[PDB]
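# Sequence below, structure please.
(chains A, B, C, D, E, F, G, H, I, J, K and L)
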Amino acid sequence: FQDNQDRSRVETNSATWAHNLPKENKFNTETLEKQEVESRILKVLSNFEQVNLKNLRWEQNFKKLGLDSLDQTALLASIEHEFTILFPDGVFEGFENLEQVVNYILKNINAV
Amino acid sequence: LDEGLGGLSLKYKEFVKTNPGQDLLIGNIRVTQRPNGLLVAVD
Amino acid sequence: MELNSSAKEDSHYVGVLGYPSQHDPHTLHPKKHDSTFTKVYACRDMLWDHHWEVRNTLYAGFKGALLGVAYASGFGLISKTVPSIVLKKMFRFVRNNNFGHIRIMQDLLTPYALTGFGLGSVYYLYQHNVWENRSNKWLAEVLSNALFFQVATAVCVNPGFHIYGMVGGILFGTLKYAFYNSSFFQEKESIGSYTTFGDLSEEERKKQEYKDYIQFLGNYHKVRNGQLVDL
Amino acid sequence: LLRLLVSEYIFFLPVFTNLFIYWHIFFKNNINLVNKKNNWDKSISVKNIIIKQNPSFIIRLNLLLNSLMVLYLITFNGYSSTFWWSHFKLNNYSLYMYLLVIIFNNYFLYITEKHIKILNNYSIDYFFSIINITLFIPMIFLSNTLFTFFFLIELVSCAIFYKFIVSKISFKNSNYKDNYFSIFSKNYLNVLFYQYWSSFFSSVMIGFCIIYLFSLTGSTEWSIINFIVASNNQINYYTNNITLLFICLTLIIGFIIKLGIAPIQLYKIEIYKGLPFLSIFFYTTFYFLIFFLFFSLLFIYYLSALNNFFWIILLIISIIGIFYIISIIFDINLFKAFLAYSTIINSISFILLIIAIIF
Amino acid sequence: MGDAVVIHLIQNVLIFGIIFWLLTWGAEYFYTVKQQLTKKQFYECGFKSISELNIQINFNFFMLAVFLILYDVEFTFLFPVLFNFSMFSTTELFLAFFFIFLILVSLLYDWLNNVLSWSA
Amino acid sequence: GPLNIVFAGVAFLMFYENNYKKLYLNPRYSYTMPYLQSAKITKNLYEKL
Amino acid sequence: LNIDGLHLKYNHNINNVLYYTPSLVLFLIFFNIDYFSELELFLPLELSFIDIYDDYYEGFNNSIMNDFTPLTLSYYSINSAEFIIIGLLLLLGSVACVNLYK
Amino acid sequence: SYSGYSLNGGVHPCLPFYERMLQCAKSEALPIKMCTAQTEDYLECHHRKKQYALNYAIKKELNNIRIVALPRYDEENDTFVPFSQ
Amino acid sequence: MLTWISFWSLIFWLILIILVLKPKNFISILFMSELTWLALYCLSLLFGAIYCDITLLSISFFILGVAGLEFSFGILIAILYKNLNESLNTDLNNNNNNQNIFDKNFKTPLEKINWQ
Amino acid sequence: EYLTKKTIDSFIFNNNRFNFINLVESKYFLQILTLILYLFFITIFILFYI
Amino acid sequence: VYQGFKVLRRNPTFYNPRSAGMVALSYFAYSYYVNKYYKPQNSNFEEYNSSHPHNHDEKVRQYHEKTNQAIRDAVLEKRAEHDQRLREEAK
Amino acid sequence: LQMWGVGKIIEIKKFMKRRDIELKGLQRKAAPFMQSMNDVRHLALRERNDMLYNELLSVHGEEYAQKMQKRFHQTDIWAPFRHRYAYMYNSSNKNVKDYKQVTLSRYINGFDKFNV
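Residues are numbered from 1 along each chain as shown, chains lettered A, B, ... in the order given. Now the structure:
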């Protein structure tokens, strides 16, 4: 009998040495979780000591957090180095708050 | 074993020094000489 | 290259020709005036007795276990995937043990050797006790092998593939009858050979052979039908 | 050496003449552009410097020379014997195989010459490689020892590698979307890689078999090997069944790897995938006429004294091959794979026929 | 070729190297080396090097090595007839001349196809 | 240890047995053991050294 | 092609414990194609005498002064066909190498 | 591929055996069953199996205490004197 | 401690086994193939000496020639690997997951999968 | 329908479940080595114990 | 400047001594297995030319030798008789 | 100059050939006595081995010993047993001494017995 609900074959084997817990499939398209991105961004934001992280709400513009244009560029480049990605020119200049950055990093599959 | 084999050869020399053509008798084996000149232990 | 050469011997032809017989008594008989050690050593003829049921069963199990070990070594283990955690634990065990590879090999090859031993022993006991007295040898081989292989496929492999096990058993039985029971490509005689036993002189045999040739001439279609032109 | 008999090397004269004519014409064609215009010379027209030779004449040349070889056979005379230190055999069957391969090559070349005028997608070096192959394979038929057969087979394998190398890679098509982007084909590399490594494996195992045949018999001549093996069977002198079994097994497996037969048929699929249709045409005729026929004659004629060891091995392989391909041939989706599997299935059938014959 | 004396002489060579090593070690008593920043760094005409491991050549002359591999075999096959040329006959002379002619023809083909130079 | 002592004894007996059978119970016509065999000049083909 | 020694990060343990160790063990157990041959210590050396025999009549009838005689015999007398074949093979290989470069 | 040459350009030691085997084979109507002796001699020349069997038997016999001393040979004359004297 | 005939037969087959065993890098396989040819060279010389046969020394030098031509082909094929977008480690030329490699990881050349 | 056609169909499909449509180099070398070693093993096993 | 210490300090004896000792043990065991059990068993020299053989192969070889000797003797005798008859009836 | 030099080299070679003819004649004069001594010593060793083998093998029957000592059906061809065949130095031995004597006789006196 041929079971069409079973679609596994030798092509779909997804056992890797590095991962002790095997992954769901062989597509390496796993994105980061929301809390991980926020925690790493907060770690990056610690260097900019004019920003208070205690009751930081992410929908505020960069200016109201205490960052001017140069500090905005430095912070965006720091996050960009942190996740080992690049922001396209339109995406880099279109960022207004940390929520948009969080969403963009969430949608990215190359972020590590 | 080679010490034993060497001992048999040297004792047969002094045996034939006094008994030429006889058979040396020690233990349970007999040392005899063949007409071609070979010394063999037979038991 | 011979298979089952001992069971296919023509004893009468071998005895007439003087050829050594594979059914001759290959036994050791200790005699008196001998030491007590050679009495014990001469008992090794037990392992040479092919009529010993326990020895035959153990030999069949050994052959099955060896085949299973070979299959695991060549095709079984490499196809299966081992979890990374288990492999890491195994390699760590090798690091902390002088001969840790042998233990890993034992753990990996024990199931296959055990299954082969059981299959060989059960197959020998099933063939020697049930199907050894059936008149139709080919049919007996086919049926026994088909049933045994269907059961083996159901047990060792998924039970949903038992039909393919039956088909494989039928094919294996046919092959076994063709080459393990019969003697093709492995013949100890010549086709058409015979042995004479009577007291007939050469003249009587020659007369009988002339009669046989006259009869044999009727096997030609042209001769029998009278379709030959004048030469 | 007090006298060099003509009967030792009479057969080689037409082959040497054909080789010299072929290579001289090739070398002269290599410089077909160089033509000095002196200061006192006048040109009726302006010379065109971008040219693309049509290889048709080259193919024609091949046909002509090949046809002449046919003539040399038709008027052939001599004795049934050996020549060049018993390294080559001259008898009726070998010469008939020679004639058969020549005439089939000539027919294939004629059809190729007809086809080449529709569309020129092949170079002169391609048909020069074809020339060399068609010049050298019937001498593989004329072999008398495993040594000379091995050397001839490496010569022809190098010619086949040369043919595979000169396959056209880039084409002028109507796909204008691929400019300013990199597209990777990888078919050329796979063909070269698999042909190279299959040749390596077959060659090393054949050399191994040659070494042990010298050890066991003292020569690689077919008649001496067969006589020694049969006499040893009668005498019961050399009773090492393991060595004979291993020699037969090594030779058979080497030929299995060389021919890409059902246990090892996979790389032939890649080779066919990476090859043009004309290459598959010529390769199929070369494979069936020469390689498989010699593989058959090994068990039938050349090493018949070892059939009592051969048959079982062949049997096993046959069974495995069938049970390996009765399902794999049903999950292919390529024309080249279809052609290659057709060849593989027919090879298995012919192997079964060989097993029937040797009984 | 040689004999068992060669290994012993190699060991003697190693002992002589030990003598040089002792002299060089003894010479260390007459100077000092002061640790500095760029002293143990790569020297590139007085400035700092920009690469350490990835220093790759183009190797745009591999055809020369390819041909060398073949012509070494050619010459090693040529040695025996030269060594025993005093016993030549028709066959030996013809074979030697044909082999040399084949070598020359191969070299001529290489020259014609211009694979004996540097390529971009 | 005791087993080390046994090994040393066996090794010494092996060494002495080899040397004894080389020095005696062996024809001495070629120079093999220096400073124990004669280093003279021999005029005949078979002279004991 | 590999300027630095950096290579593929491969683990040899998995294949060793899955395939190669048992296959090697079985091959070693069952493979032996040496029918009869003895070590030099199988029998006392004093029982051999053929290395001492010398035949002086072909000693003064032998004019050979090098060790190339068997190679010369085979390459230019007996296996000269294979010598020519290897020469043609090298020529064809050079042509194929040039075409591969192109 | 049998050349009849030795390793120094001389004559292969098994050449007469090969020659006699071929002469027998080319003259008999049933060469396989009528040239057994010549082929056996050639095979013994090539594979020295009988000598190896003899060596095995001799080692097995020498493993015992059969032999004590051997006669001595004096170079002057082709005579063996016993070890006793 | 082993007879030379059995030793050299085993050495040849072990060389083949090790050639198969090692990771599929083209240069490594080329080197191991050269070693295989040299083992055949040694075995042929040994049997030529044992059986007083002059053709096996010819096999030695013919092995030298064949191995040289094969090495030239291998060098050219590796340089061909350069021009095509292929890795000298063939295991990196496919997406079949391999547990023997620590760091095998390939994904599609896309920045993101979903937009809405 | 099933016992005549779909048994063979499903057998072929399930067998192809374990087949790589594209040959890789390691699989090629492993297949050659396995063929050599285990053809030798099966022949020697038939010679000795069968 | 041989510099023995700077050259031999990193790898004095063996990179992995444990693995080197596993090669030696395997080599020793395999040599013993080949020389003491497998090769003597395959050579079958134990009962060679024995007057009372027990192995089947030795009996088969002895039968082959005896049969070939008998065939040669019978053929030679018949050939001698036939040649003598032809010579005597030629004169 | 090339032609003249080749002719000169041929001249010296022919002169050496004449001297070689003379030396070959002298060696022929010397040969028979060397051959006689060699054969006598070889036969002495062979007789020793024959008597040893007969004594060892006579314990298993007189017919067994002659069956074990029999090699060839035809007795008019001499093919003495050899484990191997020598090839180097025109199938000869240059060093007929132990390895210690090989490595010490090149430096230390008292190792060569000065054949005069």
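# Next one: whichever residue of chain A sits closest to chain L from residue L:103, what distance?
Minimum separation of chain A from chain L (C-beta to the nearest C-beta) falls at residue A:17, amounting to 51.5 Å. From N, CA and C alone the C-beta is placed, and that goes for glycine too. Per C-beta to C-beta, to the nearest Å, residue A:17 is found 53 Å from residue L:103.
# Could you tell me the phi and psi values at residue A:26?
Reported as degrees, to the nearest 10, the phi and psi values for residue A:26 are phi -90, psi 0.
# swap that for residue D:145, sorry
phi -130, psi 160.
# does it really touch residue D:89, like I thought?
No. Judged on C-beta atoms under 8 Å, residue D:145 makes no contact with residue D:89 at a distance of 9.5 Å.
# show me the biggest helix of the chain in terms of residues.
With no chain named, the answer covers chain A. helix A:69-83 (DSSP state H).
# could you do chain K instead?
From DSSP H, the single longest helix across chain K is helix K:56-90.
# and that helix, what does it pack onto?
Applying 3 or more C-beta pairs under 8 Å, 6 or more residues apart in numbering or on different chains; DSSP states H and E, we find helix K:56-90 packed against helix D:222-235, helix H:36-46.
# switch to 7 Å and redo it
helix H:36-46 (3 or more C-beta pairs under 7 Å, 6 or more residues apart in numbering or on different chains; DSSP states H and E).
# In the following helix or strand past the helix it packs on, which residues are buried?
Under the assignment DSSP states H and E, the closest C-terminal helix or strand after helix H:36-46 is helix H:49-62. Using 16 or more other C-beta atoms under 10 Å in any protein chain shown as the test for burial, helix H:49-62 gives H:49, H:50, H:51, H:52, H:53, H:54, H:55, H:56, H:57, H:58, H:61.
# With distance to chain B as added columns, please give these in TSV.
Listed next are these as TSV, based on distance: C-beta to the nearest C-beta, whole Å:
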residue	distance to chain B
H:49	28
H:50	25
H:51	23
H:52	25
H:53	23
H:54	19
H:55	20
H:56	21
H:57	17
H:58	15
H:61	12
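# Go back to the residues you listed and keep what's next to chain L.
Filtering the buried residues of helix H:49-62 for proximity to chain L (criterion: C-beta under 7 Å from any C-beta of the partner chain) leaves H:50, H:51, H:54, H:57, H:58, H:61.
# between the residues you listed, which is nearest residue C:5?
residue H:50 (27.0 Å; C-beta to C-beta).
# Of all residues in chain G, which one is closest to chain J?
For chain G, C-beta to the nearest C-beta, closest residue to chain J: residue G:30, 5.0 Å.
# Now do the buried residues in the longest helix along chain E.
Ranked by residue count and defined by DSSP H, the top helix of chain E is helix E:90-113. Of the residues in helix E:90-113, those buried by neighbour count under the rule 16+ other C-beta under 10 Å are E:92, E:95, E:96, E:98, E:99, E:102, E:103, E:106, E:109, E:110, E:113.
# Report the secondary structure state of the residue lying closest to the first one once chain neighbours are set aside.
Beyond its immediate neighbours in the sequence, the residue positioned closest to residue E:92 (C-beta to C-beta, 6 or more residues apart in numbering or on different chains) is residue G:76, lying 4.4 Å away. Reduced to three states with DSSP: H, G, I helix; E, B strand; the rest coil, the structure at residue G:76 is helix.
# was I right about residue G:76 contacting residue E:95?
Yes. Counting by C-beta atoms under 7 Å, residue G:76 does reach residue E:95; the two are 5.3 Å apart.
# What's the separation between the residue of chain A closest to chain L and chain H?
Plainly put, residue A:17 is 53 Å away from chain H if you go by C-beta to the nearest C-beta, to the nearest Å.
# Pull the contacting residues for that residue.
C:84, G:11, I:99, I:102 (C-beta atoms under 7 Å, 6 or more residues apart in numbering or on different chains).
# now swap in residue I:51 and tell me
Residue I:51 touches D:214, D:215, counting by C-beta under 7 Å, 6+ apart.
# mind listing the helices in the chain by residue range?
No chain was given, so I picked chain A. Remark: helices assigned in chain A by DSSP H are A:34-45, A:69-83, A:89-94, A:98-107.
# Chain J is the one I meant
Remark: helices assigned in chain J by DSSP H are J:7-16, J:25-49.
# I'd like to know how many residues surround the nearest residue to residue D:263 once chain neighbours are set aside.
Among residues not flanking residue D:263 along the chain, residue J:35 sits closest, at 5.4 Å (C-beta to C-beta, 6+ apart). When neighbours are defined as other C-beta atoms under 10 Å in any protein chain shown, residue J:35 has 18 of them.
# Same question for the one 4 residues further on.
Residue crowding around residue J:39 was assessed by other C-beta under 10 Å; the count is 20.
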